[PDB]
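>>> the data below comprise the sequence and an experimental structure of the protein.
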Amino acid sequence: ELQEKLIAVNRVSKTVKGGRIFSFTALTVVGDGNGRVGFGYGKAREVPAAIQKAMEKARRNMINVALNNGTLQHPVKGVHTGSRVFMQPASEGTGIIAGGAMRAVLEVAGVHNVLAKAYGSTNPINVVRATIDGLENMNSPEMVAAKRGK
Amino acid sequence: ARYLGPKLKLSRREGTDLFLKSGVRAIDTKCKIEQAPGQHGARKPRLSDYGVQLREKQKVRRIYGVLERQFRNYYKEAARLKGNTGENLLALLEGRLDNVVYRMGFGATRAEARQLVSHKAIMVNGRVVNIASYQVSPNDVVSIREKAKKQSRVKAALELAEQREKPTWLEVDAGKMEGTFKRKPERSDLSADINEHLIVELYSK
Amino acid sequence: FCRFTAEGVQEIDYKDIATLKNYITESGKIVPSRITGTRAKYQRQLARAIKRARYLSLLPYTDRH
Amino acid sequence: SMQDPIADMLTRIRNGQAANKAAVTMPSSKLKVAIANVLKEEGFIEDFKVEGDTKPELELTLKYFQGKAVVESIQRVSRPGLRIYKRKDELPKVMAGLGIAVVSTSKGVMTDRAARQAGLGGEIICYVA
Amino acid sequence: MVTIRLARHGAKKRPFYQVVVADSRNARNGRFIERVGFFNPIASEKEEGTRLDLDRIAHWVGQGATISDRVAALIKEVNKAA
Amino acid sequence: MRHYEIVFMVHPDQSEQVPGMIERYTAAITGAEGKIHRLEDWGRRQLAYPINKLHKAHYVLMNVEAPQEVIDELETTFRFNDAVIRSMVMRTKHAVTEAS
Amino acid sequence: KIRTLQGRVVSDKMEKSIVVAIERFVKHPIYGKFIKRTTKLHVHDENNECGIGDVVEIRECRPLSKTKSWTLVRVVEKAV
Amino acid sequence: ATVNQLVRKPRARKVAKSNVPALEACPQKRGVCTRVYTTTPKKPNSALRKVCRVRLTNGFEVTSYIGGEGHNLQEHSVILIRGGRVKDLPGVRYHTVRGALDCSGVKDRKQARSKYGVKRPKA
RNA sequence: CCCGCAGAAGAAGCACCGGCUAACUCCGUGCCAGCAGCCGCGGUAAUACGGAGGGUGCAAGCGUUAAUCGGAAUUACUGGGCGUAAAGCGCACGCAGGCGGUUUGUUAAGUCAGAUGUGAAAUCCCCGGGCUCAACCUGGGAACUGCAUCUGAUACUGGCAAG
């Protein structure tokens, strides 16, 4: 039930003594829809086994999100390798706005309205798992209270 | 300032019923609806993200018969208003006088309902109105002129309006052939399948 | 097992609708405690809630209304 | 030249929290103790003491809740290169309010959560997050 | 010659005849001193198309500002009550 | 001096006068030295079955600490006034101030 | 009291008047860095009292020459 | 990128001048074509493209690709300048408008009938 | 503006269809003719040329050109970098400038609070009213993020005196 959706499909190649053989990589993300997201990325010589490996890898290495009713808790900046990620909670009546590679991670997180802007690299493999940072190290009011005292 | 072409091809492109026919005959018998119009209509779409974005935009445009430039100010008025923008456009779209006439059922089609408003035949609050896109405020009593009263188009339209929902926010009365706009409809009242969130993200780019 | 013997519920609240949808068969009747495994204490306050919930029409009496 | 004695001290927290040390060690000034009180009453530190008279010193005992650091992202703002001066109303809320910004107002130094209802701003020193 | 002049601010064929403290040599729709009211000759069934503030105009004739014929019609239409 | 639970529904076409009613009702409890513990307006919620034909009535919830004679009069007031349909008055052991 | 400004006297040797350096600490409108922006104002005085290294308070008055529409009112710290 | 270096000298972004030096940013201009000729395009492609140099009435003498299937343009004729870079032919960044002044439209064209200066046939 | 005459009668074109970007097939052309905003298509099987059919997108307008902003965080104040992509002066001394340990007292410039005046009208936004609706006209508020003055606070920076 955890919102299976793909992101991008890419064709990568080898060079060998015979010549150039091809393979296909698939980008998918999954998540229950209440503060929990898993992402996957698999490779195969054909497209459907790559997505199969992608969703299967997505349904592991599970990372939870500290989440309110439909949106985040604070602005937080996410970086990874070359991509820089900006997220900002919005009003309840507002929908979600993001880039296409910034999109599908967010609906499977349960977030419904965030001002999301991608900075620097627009690489779909790189912007994903950069959005996971921010969600992964997110701070909630109740446990920072335990972190401090009140 | 209307599409005024063949109607079922518009329903054939969207694949569902768009209520541009009266309902006297089944739409399956009238057209081969299951595949898109044209020679290449039976093929798989594999439609893009912007494709289903656009298809949802044309869809809600084509039940209500509203052009794109008129659709944009409908969103712009919904954007400047408070509340959620998605149902606000749906609230603004339901305020059209030809749509109200169809929703109370004086018109067999909303194109037919538009002709009733255009041909000087609809009285609101004791005032005749020609403009089809007239926004109807709450507590407004729609009515018919002396002409088009007990005329054959408005009788046959009423008899096929019983089998529909008979919507809650309007008080239809076929005995004196009039009605009142009690409340603005909400999102829970109108068919529950219109992807109004796909509408917003097309005009947000 | 019974869900209500844990989670520390003092009494089953009729205004909580989401739990009651899981415990009513789609026709509208009350499922027994022999299926869910609810404690006999908590089934009694349970069954009063649907009778209370059906009164304000939050829950249908039958499926043929 | 050691040209911002404050901006050294927040890095002592940054280096102390990252290395998971027990205590940090830095010379003391009155403003140094002043924001040390602000870190105490928000629970970002446990205890601070002022020792010595000829060369006074400020001793801070850091915190480790689930073993990891308690201070996460601490940043000097009003630096000698560019001083930041804001009024009572445009004082930003840190971590959307879950964090705090200490601020040297005219009536004293405190968090942002103490200055806005008091109705006065001042030097935006840093945000503790 | 500081006067009490009547200006046209309305649309085409639908005049909204604004009354305004204006200098004599200035334009009809141009530079002025201050606003005291208006006059809408195509007003609805409801009467709000002609509003004057009686205090400001009284100070201006007390100051020495002459008024024209049409503004004289408006004060002597409202008189004191109606 | 006892805690009660009061829920009543409103005819949808009379939805505009509802803020007056709780304003009128709270003048009866607090006027009779009682107190209000929970106010919430559920809005026009669709019912599972139609009552007096009709669909999507307007629900109002209320938690009241009051003596019983005034709440007897409100029960008659629900009976007397047509705009309120399908009322229910209960009983709560303690005062409650919660969500849902 | 009246409107007056206080600045450092920048000259020493002008005939029965003086130029006074008004110094300000304004904010840069874009980058926000607080910088020293000084202005030099021609200031009148009788029989050339003040001199270099001095700080005076100056006031606005009618034009007596080109750029000299100000006159000092009182001197303080007449020493190096 | 220090702020102290920024107050001393502010940020400067280059103007990034126009692709086509059509004078005074006018959208069209007329001009007299001097020599009409053909040229071979850049390396990946190949054709015999119809191009002409044109002396504009502003004073400039620039080149321009004349479009369409065939033409009847000679020397000293006056044609309208449209714009648009032709990347296959280096040097020419301008187009002429078919069916305007001395320039004729394209014979018997149906698709893109507006953009090639052809009248609608009766239907 | 209202009433009556006759009858569907007097009234639909424009761009696109390889990807970006919504819509695919046939015929002729054969690195010719040509298309093209970028990637690139055409050298005898073109979803990219020209025509036809069909479809798509707008509509009394539709396209092309020109022009500004956005995307462009691609001059980065908010908000960029300088080992190998562009970028550390060949290296020092050093006037101006930028900045500066630490405590006491003074001052109130910067700074912060409050108050006053002003920031014309028109424009934008919000709540209303009228043209059969809308555009448009218009009432009231808000805003006008600024400026000057006056009175307070002295945490820090600044100035002064002393360590």
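Everything's here; your move. Numbering: from 1, shown residues only, chains lettered A, B, ... in the order given.

>>> which non-adjacent residue is nearest residue 45?
If you meant another chain, say so; for now it's chain A. Among residues not flanking residue A:45 along the chain, residue A:23 sits closest, at 5.0 Å (Cβ to Cβ, 6 or more residues apart in numbering or on different chains). Yep, even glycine has a C-beta here, placed from its N, CA and C like the rest.

>>> to clarify, I was referring to chain F.
residue F:59 is the one closest to residue F:45 (Cβ to Cβ, 6+ apart), at 5.2 Å.

>>> correct me, but the one you found touches residue F:42?
Yes. Assessed by Cβ atoms under 8 Å, residue F:59 is found in contact with residue F:42 at 3.7 Å.

>>> what about those two, which has more around it?
Taking neighbours as other Cβ atoms under 10 Å in any protein chain shown, residue F:59 and residue F:42 compare with residue F:59 leading, 19 against 15.

>>> sec struct for that one, please.
The three-state label given to residue F:59 by DSSP: H, G, I helix; E, B strand; the rest coil is strand.

>>> separation between it and RNA strand I?
Note on residue F:59: its distance to RNA strand I, by Cβ to the nearest atom of the strand, to the nearest Å, is 26 Å.

>>> what bridges to that residue?
Beta-bridge partners for residue F:59, by DSSP bridges, are residue F:9, residue F:43.

>>> the residue nearest to residue B:32 when sequence neighbours are not counted: which element?
Spatial nearest neighbour of residue B:32, excluding adjacent residues (Cβ to Cβ, 6+ apart): residue B:12 at 7.6 Å. Per DSSP states H and E: residue B:12 is located in helix B:8-14.

>>> please enumerate residues in contact with that helix?
B:3, B:17-18, B:20-21, B:27, B:30-33, B:35-37, B:41, B:55, B:58-59, B:62 (Cβ atoms under 8 Å, 6 or more residues apart in numbering or on different chains).

>>> could you check how far residue A:66 is from chain B?
Separation of residue A:66 from chain B (Cβ to the nearest Cβ, to the nearest Å): 25 Å.

>>> residue of chain B nearest RNA strand I, please.
Using Cβ to the nearest atom of the strand, the closest approach of chain B to RNA strand I is made by residue B:38 at 2.7 Å.

>>> what of chain F?
residue F:16 (13.4 Å).

>>> before we move on, what about chain A?
Nearest residue of chain A to RNA strand I: residue A:119, at 5.0 Å (Cβ to the nearest atom of the strand).

>>> so for that residue, what's the nearest residue that isn't a sequence neighbour?
Leaving aside its chain neighbours, residue A:119 sits nearest to residue A:84 (3.7 Å; criterion: Cβ to Cβ, 6+ apart).

>>> for residue F:88, same thing?
In space, and not counting its chain neighbours, residue F:88 is closest to residue F:7: 5.0 Å by Cβ to Cβ, 6+ apart.

>>> what does residue H:74 give?
residue H:36 (7.0 Å).

>>> list the buried residues of whatever helix or strand residue A:118 lives in.
Assigning secondary structure by DSSP H and E places residue A:118 in strand A:117-120. Neighbour counts over strand A:117-120 (16 or more other Cβ atoms under 10 Å in any protein chain shown) mark residue A:118 as buried.

>>> what's the spacing between residue D:51 and residue H:34?
According to Cβ to Cβ, to the nearest Å, residue D:51 and residue H:34 sit 92 Å apart.

>>> looking at those two, which has the bigger crowd around it?
Neighbours per residue (other Cβ under 10 Å) separate residue D:51 from residue H:34, with residue H:34 holding more: 13 against 10.

>>> quick check: which element contains that one?
Assessed by DSSP H and E, residue H:34 sits inside strand H:29-39.

>>> quick one, phi psi at residue 24?
All of this refers to chain A. phi -120, psi 140 (degrees, to the nearest 10).

>>> oops, I was thinking of chain C
Residue C:24 adopts backbone torsions of phi -110, psi 130, taken as degrees, to the nearest 10.
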